[PDB]
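Remarks on the structure that follows.
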Amino acid sequence: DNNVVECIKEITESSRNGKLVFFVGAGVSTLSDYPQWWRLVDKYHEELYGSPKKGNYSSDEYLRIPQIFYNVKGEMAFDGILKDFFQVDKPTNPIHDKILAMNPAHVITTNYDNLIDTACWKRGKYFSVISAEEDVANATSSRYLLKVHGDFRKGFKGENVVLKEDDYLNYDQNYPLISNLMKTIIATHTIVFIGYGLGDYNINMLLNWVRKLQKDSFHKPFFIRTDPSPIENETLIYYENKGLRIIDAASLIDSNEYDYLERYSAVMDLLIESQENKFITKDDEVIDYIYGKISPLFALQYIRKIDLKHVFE
Amino acid sequence: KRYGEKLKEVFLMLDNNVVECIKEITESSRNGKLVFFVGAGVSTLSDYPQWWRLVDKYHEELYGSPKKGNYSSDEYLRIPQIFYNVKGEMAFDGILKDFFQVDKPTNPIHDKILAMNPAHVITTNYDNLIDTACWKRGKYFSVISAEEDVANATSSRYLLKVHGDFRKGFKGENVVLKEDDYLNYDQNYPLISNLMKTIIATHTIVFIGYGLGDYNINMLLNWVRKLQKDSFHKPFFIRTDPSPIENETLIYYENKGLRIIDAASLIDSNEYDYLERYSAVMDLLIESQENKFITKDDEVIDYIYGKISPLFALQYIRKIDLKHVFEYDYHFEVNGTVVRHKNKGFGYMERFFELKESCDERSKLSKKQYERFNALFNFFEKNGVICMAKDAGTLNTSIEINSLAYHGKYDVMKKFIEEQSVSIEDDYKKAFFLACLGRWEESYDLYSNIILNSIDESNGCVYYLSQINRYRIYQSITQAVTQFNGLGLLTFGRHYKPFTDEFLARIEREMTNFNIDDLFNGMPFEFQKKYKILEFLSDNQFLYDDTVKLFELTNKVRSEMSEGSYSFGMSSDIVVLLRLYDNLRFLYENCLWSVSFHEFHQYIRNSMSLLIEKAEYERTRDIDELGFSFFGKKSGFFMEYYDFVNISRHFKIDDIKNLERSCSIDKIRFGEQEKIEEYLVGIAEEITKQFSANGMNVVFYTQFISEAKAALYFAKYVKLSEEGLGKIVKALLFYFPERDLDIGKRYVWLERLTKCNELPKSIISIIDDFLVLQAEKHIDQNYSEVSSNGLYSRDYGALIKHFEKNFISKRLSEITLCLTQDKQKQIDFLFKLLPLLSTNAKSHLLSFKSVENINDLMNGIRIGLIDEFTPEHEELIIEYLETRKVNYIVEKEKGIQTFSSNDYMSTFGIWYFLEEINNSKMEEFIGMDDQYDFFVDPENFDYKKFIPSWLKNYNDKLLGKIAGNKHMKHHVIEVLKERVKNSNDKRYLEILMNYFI
Amino acid sequence: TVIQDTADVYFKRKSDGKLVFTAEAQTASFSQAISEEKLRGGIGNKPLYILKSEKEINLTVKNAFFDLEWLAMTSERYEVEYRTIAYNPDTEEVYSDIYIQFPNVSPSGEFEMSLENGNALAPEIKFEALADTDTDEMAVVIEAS
Amino acid sequence: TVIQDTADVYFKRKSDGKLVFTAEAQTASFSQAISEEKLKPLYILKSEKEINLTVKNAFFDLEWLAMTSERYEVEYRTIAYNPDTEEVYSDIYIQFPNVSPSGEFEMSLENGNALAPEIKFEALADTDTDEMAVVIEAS
């Protein structure tokens, strides 16, 4: 698609300049088979009501039933279920390193795992992992692996992560500093949403925040969409009106319903190879491209032939 | 002039708290975390209009007269507000333009602010003085004064002009001047407010040009109250009021959470001497910006411990790079002298070195300090650091010590490789050993393993080294696969693929679009700060210093040679050698894979070439009487074991040939013959093991054959033991590839070792075994000697005959007695070895065959079976000369050429010139080649075809005969003396001196 | 102004008439020094004299382009077809071309194992003309009118 | 083991004898030319000489700076050293009372941060004295 190749140009330009930052949602953690929140919801509902909700869980349920577990059974039971489910460890899929292949200045994410942390461990990308209020001050590096909702580095406990209903309802008071840092990273760096999903509460609050204070003064965040099927027109147009650059790789690279890693890698390589792939087709494009590289050269009085190597890459 | 002196007097008396503030500001600037809040106070120094002026002006317009009273903070906001609503925004615009539209010069404070390299600069000023001060410095701060600006900022650095400015226009709408503007700050500047808040949270804050009770200061203090306790770095305030801050005021404004510095306390000044106070503060900061915080002579051990303690990780580093540790405060020369380069505080290191000299003074140290001093002294010895240059005595230059990888040990590396790796350092050395052993695929994969393990263990150093080593070995595999697929398939015949195609694809996919230029750039901030010493390795243009230093030192040494100057002290050759050995140690002992790369090849090659060239010159140099007075029997250039290793490894055959040709290296005495003999027998053992066994590594073969080739070639100079000589000859004759070292190279290197030391009878047996093997190998008629140099096995037999006057190769004789007519090829070759085979076998061969043509006549006459040139033999030569003549006249229409026929023609011409062949038809064949005429009839021959080969590729008896002939002597001596005059050559000199005159 | 007789060098298999690779010649060092038994030790008799001169021709070419077929299909001997124009001082531009060939040659240089941190584009490669007992030097010169 | 000829040079004013600066010896070049001989019953050794020197690590005398046809003297100080006796108590005194501040650095504006103010010298001469260079042996 013409729109998609335009997005490719913008994203790859930001990667060239290091202006690219990646919002990583729970979907990336799903690919590595990290435990999902809805499995935990089913557990919670089974313990409370004696059996999981037979019908599909609503967002209100998804948030309240962890909160019900927090209330009737107590906080320590909540932390216990957290420990039993999320103590499992899995490796980092290539998608994390490919995300780092874009050379981001920051890595924003709502995740609570440390799969990106381990991926930068292998790739040796020292992003200062901010995950709490106190983490703001001790920030060692300008680069940030910003855990928007925190993670279990200190331990597997509820307070360490934004999981239950209250945290989503009381996020602003709980994380004003991380909110500020996030707001400004969105303000200046070009942004990508991955694994975030369209309709997630986080994407909703972020869209509200950008639409609130910015008046044609935001860098349209990108939403690389990794879904079983191509995006629907109605949903795509609706979300674009909100303001977003949604890149749906299902149409670009064909993939069956569960070809999740496949289309993740497909979009990631659509970015990676495109930046290294300098497209030039036409014959008049010979003069156009060669002059686009030689346009600055006219100013200098004379230039060595040897130095032209850096001009044409 | 004494302003700096007065400020350093102010320093050393500042309150500890103020000193600590200054330090934190410093380290923030170095870390790029400094954010300078620039208030209107700095603009006041630059004469920029003060706000009270406009406030009084608005009062005047509104009520027709000035207030004649103090405007409160609300009044300072209300008065502009009432004026804005009353006269309209047009009058506000007008007054704003008239007052604030005035150019100013950037005061000293403006320049000093941008000299701190602040991460960002925030200002509540509306001038563009800070913008111009930013532009002049060369850096680029992206201005920010509007919601639109926040989105548009090309650079990471931002000039955050909060409260807007007038760059868009001289209108109040873009500035905060009136009660309406201050009240609705968040309403109008939301995005700016958020960017400002994050910048405050992340980066260190410095309030300058401000009042302790300013509006924004209070807003930021409400924001830091909102912040979690101990999750905020106290911002820095620079009070510049002439009055001294009161104790109560200090207590209160510190309670607010401000680290405030009061200029009045620091320095005394007049009441209107604002510029002096601002400058005092800022020049205090700038003054102590680089290792200036030396506490005392009791803190010397402590200071240097903090400077050096992170450096204990590295096993050894070049002393040239020890300057970076102290920020060029002390230049450690390569020899080790501590040349003072920059220092303000006393006892920076001189006290520490004094403690080294004075045991009692060291005893005054605390036990903690004593242990720290001991560790530092041990580390400095490990680095080679010599005593302070001020007290530097005679300094011994000792060869730098390295590990086994540099050595020629190969079984020990396998021993380690099979051993269990205790730590990632051991595994790192293991992967280095694998790379050295040619096992580049296992080396690469194991390097990836250490990458992962180390970064798990957070060994920043070893991780850095392993990163670069993984890149280097990747490049090694990639290039080697390129050379394989390109030529290596030609070198053997079928391409070897030890690196499996899937393995290559996996490696290529594993890394790409990565350059080591940013390897150092991606590392943690503590690593980059403490280990700048390893930045030298960072770039792909490795040896970013040493090569040009070698170049300029060559230039200097060459000039020394040509002019012949009697140098003193550490000459340029000595600094070249010290750099050479320090670089070799720092690389090989640190285990970087770069050791094998071509850059190091060139560097070491040129280092040792220059050293040997100077070693030759200083021998030949004549000594003037004043020169002899300066020095006599001066030191030479000993070739220790390390020198032999370096030369053998990093040179190739041709360059060693050039070195030996120009420099009479044989005159240079060698030493440490035991260790070099061990190295040579180790190389011989390695090649013997690799070729005795069918199993081997082509990857190791290509790398090490050149090393072995040069090492064996250079082996001539040092003496070998009888066992060493036997092992050498057996590794050479029977276990050296024909692919690279053909039969002729095999022979000539054998001859080099022969010249070196006499060949015992065991070696005679080895050469005889070689000869018998070739005699049997010619059982195939297809078999035929192939050697580019033209040196054959008959050469080997000639060596046996030279050494042994009497020795019968009974195996060859038995072979003869076994041959038949069908084995005529074996017959021919055994004939080639007639002097070695026995008497009955000689009769066997003589009965088998004899001369039949020119080739066979040459064969026969070579070993000399024919004691007198028969009439038939000279007649056959005449017949082949008729063949050459008809072929020449036929070739006269074509392009005449001679490559092998000219050899026979010259031989016959020489024999005629020697009078051996009286056949006068030789004279009839005069003119086909210049040499033929030159020999048979030199008088008639035109004395213009004299080839340089004829003039140097001579023969001694032929030389005597030439000198006998006056006719040829005149022309040959004329041209020969001419040629030596044009270009001084030893060979022409010896033609001249020895025989002609 | 510069050398205007660019030497095209063709490398063909000797056993069969297939082209291995084509490159561009860059230099040729011609070496000639007696080393048999060092400078002294060769066969010598009163009436006898043998020319023990041994000489070697060294070459180096750049920009080698290997035949697709030869890569595809993959004791062995290879030939050369040095193709220079036969210029003269009287005429530095001559229709006639000088044809040099080294049927006995071994593709073998020292560039193998050469690791330049930044991969180079000058795969310069050395050559050494093999000889034989019958043929002292096999290199041949012929000029085509 | 290094060359033990770290000679000290005293650059003093010949006019009165004040000390200008002290440095450490670096090199000393000696050369001659005989081209002029070519154009001798009245034989003449037409082999003029030119003694070039250089010093390193110059430290300027404070008074010489303070106060500021002008001739200068050079006093070389070297310990004697023999093959038979590596070190010798006697010290060889070399002096060049007649030199010139030879301009050869000549505003070398290198952009590196190296503190190398090497000073070249030319041993001047006169009609009466072919070259002022003088040697003496303490022994």
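Lettering and numbering for the structure tokens are positional, with chains as A, B, ... in the shown order, residues counted from 1 in each chain, and ligands counted from 1 in the shown order.
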inquiry  = Need the shell around residue C:96: protein/DNA/RNA residues with any atom at most 6 Å away, counting only C-alpha atoms. Skip same-chain ones fewer than 3 positions apart. Format as a ChimeraX atom specification?
reply    = /C:86,144-145
Residue hits in chain D, query chain B, radius 12 Å, only C-alpha atoms, as an MDAnalysis selection string = chainID D and resid 1:8 24:32 50:57 76:87 91:94 113:116 133:137
query = Which neighbours of residue C:93 fall inside 9 Å, counting only C-alpha atoms, when residues of the same chain fewer than 4 positions from it are skipped, and could you give them as a list in words?
reply =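 That gives residues 4, 5, 85, 86, 87 and 88 of chain C.
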Next, the residues of the selection above should be written as a PDB file, in the first residue's frame with N, CA and C atoms.
```
ATOM      1  N   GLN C   4      48.196   3.733 -21.459  1.00  0.00           N
ATOM      2  CA  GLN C   4      47.016   3.601 -22.305  1.00  0.00           C
ATOM      3  C   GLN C   4      46.993   2.265 -23.042  1.00  0.00           C
ATOM      4  N   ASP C   5      47.577   1.233 -22.439  1.00  0.00           N
ATOM      5  CA  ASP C   5      47.624  -0.117 -22.992  1.00  0.00           C
ATOM      6  C   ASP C   5      47.174  -1.118 -21.937  1.00  0.00           C
ATOM      7  N   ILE C  85      48.957  -3.702 -25.500  1.00  0.00           N
ATOM      8  CA  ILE C  85      49.211  -3.163 -26.842  1.00  0.00           C
ATOM      9  C   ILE C  85      50.706  -2.925 -27.004  1.00  0.00           C
ATOM     10  N   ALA C  86      51.262  -3.258 -28.165  1.00  0.00           N
ATOM     11  CA  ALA C  86      52.702  -3.147 -28.385  1.00  0.00           C
ATOM     12  C   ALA C  86      53.105  -1.736 -28.772  1.00  0.00           C
ATOM     13  N   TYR C  87      53.238  -0.861 -27.783  1.00  0.00           N
ATOM     14  CA  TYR C  87      53.621   0.522 -28.051  1.00  0.00           C
ATOM     15  C   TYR C  87      55.115   0.694 -28.203  1.00  0.00           C
ATOM     16  N   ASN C  88      55.527   1.828 -28.759  1.00  0.00           N
ATOM     17  CA  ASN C  88      56.936   2.098 -28.996  1.00  0.00           C
ATOM     18  C   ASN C  88      57.229   3.542 -28.630  1.00  0.00           C
TER      19      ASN C  88
END
```
key: Test item, strand (DSSP E or B) assignment across stretch 21-133 of chain D, answer as a ChimeraX atom specification   = /D:21-33,48-60,72-79,91-100,119-123
task = Please report as a list in words which residues of chain A come no farther than 8 Å from chain B, using only C-alpha atoms.
result = residues 121, 122, 124, 125, 126, 133, 134, 135, 136, 137, 138, 139, 140, 141, 142, 177, 180, 181, 183, 184, 187, 188, 213, 214, 217, 218 and 219 of chain A
key: Residues near residue B:490, cut-off 12 Å, only C-alpha atoms, skip fewer than 6 positions along chain, as an MDAnalysis selection string   = (chainID B and resid 483:484 496 739) or (chainID C and resid 11:13 20:21 66 70:71 73:78 105:109)
Could you save the residues just selected, with C-alpha atoms, as a JSON list (two decimals), in the first residue's frame?
```
[["chain", "number", "residue", "atom", "x", "y", "z"],
["B", 483, "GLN", "CA", 38.68, -15.78, -0.49],
["B", 484, "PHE", "CA", 37.70, -19.45, -0.38],
["B", 496, "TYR", "CA", 36.65, -26.45, 1.15],
["B", 739, "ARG", "CA", 50.92, -26.51, -2.89],
["C", 11, "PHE", "CA", 42.98, -17.24, -16.95],
["C", 12, "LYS", "CA", 41.95, -20.53, -18.57],
["C", 13, "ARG", "CA", 42.15, -24.14, -17.44],
["C", 20, "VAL", "CA", 38.57, -19.49, -15.15],
["C", 21, "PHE", "CA", 38.63, -15.74, -14.53],
["C", 66, "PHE", "CA", 35.55, -15.49, -12.13],
["C", 70, "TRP", "CA", 33.83, -22.45, -13.51],
["C", 71, "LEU", "CA", 32.20, -21.56, -10.20],
["C", 73, "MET", "CA", 31.15, -26.95, -11.94],
["C", 74, "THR", "CA", 33.15, -26.64, -8.72],
["C", 75, "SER", "CA", 47.89, -31.68, -10.97],
["C", 76, "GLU", "CA", 45.65, -28.94, -12.33],
["C", 77, "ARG", "CA", 47.37, -26.42, -14.57],
["C", 78, "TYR", "CA", 46.21, -23.00, -15.75],
["C", 105, "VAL", "CA", 51.04, -20.52, -13.67],
["C", 106, "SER", "CA", 49.66, -21.18, -10.20],
["C", 107, "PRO", "CA", 46.90, -18.96, -8.83],
["C", 108, "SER", "CA", 48.44, -18.20, -5.44],
["C", 109, "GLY", "CA", 49.03, -14.97, -3.54]]
```
ask   = Residues at most 10 Å from residue C:45, counting only C-alpha atoms, excluding those fewer than 5 positions away in the same chain, as a list in words?
value =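 Contacts, in chain order: residues 863, 864 and 867 of chain B; 50 of chain C.
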message = Could you pull out the alpha helix (DSSP H) residues of stretch 15-135 of chain C, going by DSSP on the backbone, and write them as number ranges by chain?
response = C: 68-73
ask   = Of the residues D:60, D:96, D:105, D:11, which is the one nearest to residue D:124, using only C-alpha atoms?
value =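 Closest to residue D:124, using only C-alpha atoms: D:96.
The coordinates place atom CA of residue A:82 at 10.3 Å from atom CA of residue A:161.
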ask   = Which residue, D:132, D:125, D:99, D:20, has the smallest gap to residue D:68 when you use only C-alpha atoms?
value =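 The answer is D:20, which sits nearest to residue D:68.
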key: Between atom CA of residue B:112 and atom CA of residue B:206, distance in Å (one decimal)   = 13.5 Å
Residue contacts of residue A:257 (8 Å, only C-alpha atoms) excluding same-chain residues fewer than 4 positions away, as a tab-separated table (two decimals) with N, CA, C and O atoms, in the first residue's frame:
```
chain	number	residue	atom	x	y	z
A	227	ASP	N	-2.30	-8.75	13.68
A	227	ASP	CA	-3.60	-9.38	13.85
A	227	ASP	C	-3.75	-10.53	12.88
A	227	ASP	O	-3.09	-10.57	11.83
A	228	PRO	N	-4.62	-11.50	13.18
A	228	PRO	CA	-4.76	-12.67	12.29
A	228	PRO	C	-5.17	-12.31	10.87
A	228	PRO	O	-4.74	-12.98	9.93
A	229	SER	N	-5.98	-11.27	10.70
A	229	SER	CA	-6.53	-10.89	9.41
A	229	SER	C	-6.29	-9.40	9.18
A	229	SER	O	-5.97	-8.67	10.11
```
request  = Excluding stretch 189-201 of chain A and residues on its chain fewer than 4 positions from it, collect all residues at most 7 Å away from it, counting only C-alpha atoms, and give them as a PyMOL selection string.
outcome  = chain A and resi 14+19-28+185+205+219+221-226
Closest contacts (chain C/chain B, max 6 Å, only C-alpha atoms) as CSV:
```
residue,atom,partner,partner_atom,distance
C:56,CA,B:789,CA,5.8
C:113,CA,B:703,CA,5.7
C:114,CA,B:598,CA,5.7
C:115,CA,B:597,CA,5.1
C:117,CA,B:540,CA,6.0
C:129,CA,B:788,CA,5.9
C:130,CA,B:788,CA,3.7
C:131,CA,B:788,CA,4.6
C:132,CA,B:786,CA,5.3
C:136,CA,B:900,CA,5.4
C:137,CA,B:899,CA,5.9
C:142,CA,B:895,CA,5.5
C:143,CA,B:895,CA,5.8
```
query = In Å, how far is it from atom CA of residue A:48 to atom CA of residue A:62?
reply =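 Going from atom CA of residue A:48 over to atom CA of residue A:62 covers 13.8 Å.
Each of C:104, C:133, C:58, C:119 was checked against residue B:654 using only C-alpha atoms; the smallest atom-to-atom distance is that of C:58.
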